[PDB]
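Each chain gets a letter, A, B and so on, in the order its sequence line appears, and its residues count up from 1. Atoms within each ligand, like the ligands themselves, are counted from 1 in listed order. Keep in mind that the numbers below use all heavy atoms, side chains included, and drop hydrogens, waters and symmetry copies.
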Amino acid sequence: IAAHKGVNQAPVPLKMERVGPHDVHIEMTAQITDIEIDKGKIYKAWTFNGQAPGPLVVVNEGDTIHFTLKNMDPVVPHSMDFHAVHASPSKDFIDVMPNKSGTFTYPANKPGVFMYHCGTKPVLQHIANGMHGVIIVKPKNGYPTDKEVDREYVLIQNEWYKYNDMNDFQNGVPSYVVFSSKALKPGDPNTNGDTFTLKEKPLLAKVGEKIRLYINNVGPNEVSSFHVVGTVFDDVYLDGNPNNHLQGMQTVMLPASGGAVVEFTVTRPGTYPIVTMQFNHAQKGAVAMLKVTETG
Amino acid sequence: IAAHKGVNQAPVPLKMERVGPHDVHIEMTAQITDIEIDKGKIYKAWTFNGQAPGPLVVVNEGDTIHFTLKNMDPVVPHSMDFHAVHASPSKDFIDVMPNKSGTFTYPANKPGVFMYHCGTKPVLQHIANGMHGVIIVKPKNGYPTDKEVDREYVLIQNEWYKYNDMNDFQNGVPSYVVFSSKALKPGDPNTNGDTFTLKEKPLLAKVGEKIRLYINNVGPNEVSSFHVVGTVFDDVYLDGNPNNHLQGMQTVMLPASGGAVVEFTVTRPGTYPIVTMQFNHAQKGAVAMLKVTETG
Amino acid sequence: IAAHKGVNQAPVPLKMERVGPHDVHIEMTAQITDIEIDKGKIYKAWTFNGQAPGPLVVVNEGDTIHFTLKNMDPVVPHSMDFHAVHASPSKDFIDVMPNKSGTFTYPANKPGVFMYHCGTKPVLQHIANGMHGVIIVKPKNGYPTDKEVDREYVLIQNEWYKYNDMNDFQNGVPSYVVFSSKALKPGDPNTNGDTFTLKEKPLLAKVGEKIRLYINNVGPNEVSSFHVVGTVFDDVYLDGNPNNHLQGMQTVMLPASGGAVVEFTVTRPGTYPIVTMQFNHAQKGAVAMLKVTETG
Ligand SMILES: [Cu+2]
Ligand SMILES: [Cu+2]
Ligand SMILES: [Cu+2]
Ligand SMILES: [Cu+2]
Ligand SMILES: [Cu+2]
Ligand SMILES: [Cu+2]
Ligand SMILES: [Cu+2]
Ligand SMILES: [Cu+2]
Ligand SMILES: [Cu+2]
Ligand SMILES: [Cu+2]
Ligand SMILES: [Cu+2]
Ligand SMILES: [Cu+2]
Ligand SMILES: [Cu+2]
Ligand SMILES: [Cu+2]
Ligand SMILES: [Cu+2]
Ligand SMILES: [Cu+2]
Ligand SMILES: [Cu+2]
Ligand SMILES: [Cu+2]
């Protein structure tokens, strides 16, 4: 796109503030930002806030979100579809023109780990170029295993294709498949979908801990066979809904856009790969690491 | 196939009649019928009854089906495999020669939303050319959420490949991925798998309604990541079995041949896309629309 | 690999012995063995014990496994990752050099049907060349439907690609997709992943029996839409964990590495195909047969 040549808009922080016991304001940008997706490979991504996947959103069950999208892209319209919300897509997930803002309000009625993404046609183009992310809706009554959890992180799986190539997006295998992590608490890492960061800078934990991961596969096109090497999931909540409880799973199948809360125990010191067992995708980047030490 | 050149057999209605409190007669054809799968693209499909996917079958749990297949194809044998039934495949799902009929009897013991398809070798060829469909078996005791449902429809996902091309069928990406709808009540739409009908003529509903969809992904080759934009599934019954209850799912993973009953609320007026979140498939046709109005 | 030219190491039996009420010794080889994966097609597989998938391992819930790998490969290191166990991957799933042995100990805390596979980088290469298999961990308290089961077998799904071709492994469609069966009791068949054995020598059963299959899809890359033609699964336990109970499923979605226990009734004499309903894969080999007779 001629108007994107040389454009690299610095990342902008997510803005969130609570405005009532059940109402929250969220402000995000659409922007065009260079991201290193593999060593030596820059992708001039279409993003929310200069991150791909975008910044984490966390709200409580029953919160109404008053969402503003500020479109920094000089030429392409953008939009937002939160899978957490009940909304009229033709009224509430509509386009915001370049250099404009739009505000939309809708409730997050349902607990879980939801995809969000741009909803502008062609949606495949917007998602594949980077406009995806996760919103977590915390359950009013928690999960039954909350008291057992020692530490928690968020991990997101996505693919990357040939740059802005709709043929490839439709018809081609992914060039890379990758994990990222998005921060829940101060000091947690906050990374973009790339082949290397979570190998070189593993997630950290302590021997004996029960770890919870909030996970989502944003696609755009592939399913995920999510597995932590050297453990078994004690408990799994599909889509993060407390009612969708499974136990003792080796691997969690996630559709495109599918989420889960998964919990597992790390019994011994060492480094534990986190993979999709679709090993062509693992080979193409989709391995993260969890370093487990006597201290954490 | 030389004997198919110029053949376009007009669609024939499904024939069904109940013959006892737990016995039903069903009569279907195998026939060769031109279907417009995308604008300007005719596929000379191999079909049941001139529809692809084929006509909807609905029976009750515990019904024995006395099924007749009348093979109108001038040269290729055809057969029927209902995933609802208990049967001997080598006796009951056998071929019917051109210009012949065959009758087979078997029970539908299990509630749910089942694939049916031709079982003639090579089965991939017969399915890919269009010989697939859905049989619904209604549970004796309903679903627990029956009283909440305001409206219901059937949606089927399938792929289309290069015409009658076994190489492509085995080794190629789908050319199109599509939804169709099959009528449960008078006045419901009844459409074939194409890229456009359910966009131009959306399914209809009223503001505030809880909608039930009976869904099946007939493949032949892909899985489906089924999602209704702007809502969350309140309740999901995998394969349509009441016992396989999930709640609050954003997206339902369906294997090839996989079914579900899904229920969700439409809170606001507007048009709600229905998609597979495998967005390469959505781009290649797999988007239907639900138009929600103050009146329905 | 120059050092593999002409190498065809005869299969070696699995060695297992119980050494305590909750401790078992297991001894396996890594070895290079020619396997006929399709008629006229030899693949010089990388294997455990000269089988691909490897030999079945069965232990009890709560058993600690003291595992020895003897690496017969003259040049490539190999390793073992059991998905059943809790272990430190960087200490316990490490490489064993050519002509060396290594011993590792870890507990199998969780009931189910788990993948095992080589964990040597590149893991895709090692899995795709044949180093995969299944370990069953029997639940302390059984399954609730145990008393209903008349007969049982193990079936494994895997893919085969162009020989030792990392490009193909990453980027290509499978050349073959196949079932194998691994013996639980004397007289059961024990076969390798090939397109033909379980068609020419079907699994056997008797009219009216409830059959249990312990199943796993080891990939490396595809998901499986597992279906037995002419029946419906009465009961399904995802990953073989008794708590993950589904009923009345037509088809069981398995991720890559995913397992299940599935149970179904065969009501009539005949031959019952066992397939993945991803019919491109079925066409490329993934059909097994179950022959049901008045005597068994
Ligand atoms: Cu309140
Ligand atoms: Cu406000
Ligand atoms: Cu966009
Ligand atoms: Cu892929
Ligand atoms: Cu703890
Ligand atoms: Cu694994
Ligand atoms: Cu009666
Ligand atoms: Cu009759
Ligand atoms: Cu046919
Ligand atoms: Cu596809
Ligand atoms: Cu209502
Ligand atoms: Cu979506
Ligand atoms: Cu004891
Ligand atoms: Cu020992
Ligand atoms: Cu190896
Ligand atoms: Cu495939
Ligand atoms: Cu019995
Ligand atoms: Cu089938």
Between A:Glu222 and A:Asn217, do the side chains contain a donor N or O and an acceptor N or O under 3.5 Å apart?
no
Give a yes or no on whether A:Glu148 keeps an N, O or S atom under 2.8 Å from the Cu ion (ligand 5).
no
Do you know which N/O/S atom name in A:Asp150 is closest to the Cu ion (ligand 5)?
OD2
So the angle subtended at the Cu ion (ligand 15) by C:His78 atom ND1 and C:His126 atom ND1, rounded to 10 degrees, is 100°
With a cut-off of 2.8 Å, does C:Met131 put an N/O/S atom close enough to the Cu ion (ligand 15)?
yes
So, C:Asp165 and C:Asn167: side-chain donor and acceptor under 3.5 Å apart, yes or no?
no
For C:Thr103 and C:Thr68, test the side chains for any donor-to-acceptor distance below 3.5 angstrom and give the result as yes or no.
yes
Using 30° and 60° as the class boundaries, would you call the ring planes of C:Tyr43 and C:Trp160 parallel, tilted or perpendicular?
tilted
